[PDB]
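Enquirer: Read the sequence shown against the entry's author numbering and you will find it ends at 104, with the numbers running on by one and no gaps.
We treat Cβ as the ideally placed atom computed from N, Cα and C, and that holds for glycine.
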Amino acid sequence: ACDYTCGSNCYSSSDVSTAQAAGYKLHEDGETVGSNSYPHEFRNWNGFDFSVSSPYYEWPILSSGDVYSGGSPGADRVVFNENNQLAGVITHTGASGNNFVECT
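(1) How big is the Cα-Cα spacing for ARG77 and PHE50?
(2) Mark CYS103 as exposed unless 16 or more other C-beta atoms lie within 10 angstroms of its C-beta, in which case mark it buried.
(3) How far does the alpha helix (DSSP H) with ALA19 in it extend, from its first residue to its last?
(4) Comparing alpha-carbon positions, which option in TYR68, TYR56, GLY47, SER53 lies nearest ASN99?
(5) So, for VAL67: in the same chain, excluding its five sequence neighbours on each side, which residues have a beta-carbon less than 7 Å away from its beta-carbon?
(6) Going by C-alpha distance, which of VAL79, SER64, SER96 is nearest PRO39?
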């Protein structure tokens, strides 16, 4: 089925790879997109157990398959570090408030 299920969204590893690459490129270039300036540091207040090293950055992954370019980011995010390693895939869907749950 889905390499990642975020709420009702089904993402393949390639979907995540494409989102990750777009976010990491902005990160390394020191640029951002959208009113909420993505990518930005992901604090991990929820204590997810990521095996790659922090700091972490969150970047929206979109239900449509398009790369985030601004506007509404939806609930899903890919999280990666400065080594361009994927830390995890998370979503506000099914969480309360600004909290997140990991996609399954």
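Expert: Concretely, from the data shown:
(1) One-based indexing of the sequence shown puts residue 77 at position 77. One-based indexing of the sequence shown puts residue 50 at position 50. Answer to the nearest angstrom: the Cα atoms are 14 Å apart.
(2) Position 103 of the sequence shown, counted from the first residue, corresponds to residue 103. With a threshold of 16 other beta carbon atoms within 10 Å, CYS103 meets it and is buried.
(3) Numbered from its first residue, the sequence shown carries residue 19 at position 19. Taken as a continuous stretch (DSSP letters only), the alpha helix (DSSP H) holding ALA19 covers 13 to 29.
(4) Locating residue 99 in the sequence shown gives position 99, where the first residue counts as 1. Closest option to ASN99, Cα to Cα, is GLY47.
(5) Taking the sequence shown and counting its residues from 1, the one referred to as residue 67 is at position 67. Around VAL67: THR18, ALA19, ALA22.
(6) Numbered from 1 along the sequence shown, position 39 holds the residue referred to as residue 39. Nearest of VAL79, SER64, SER96 to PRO39, Cα basis: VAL79.
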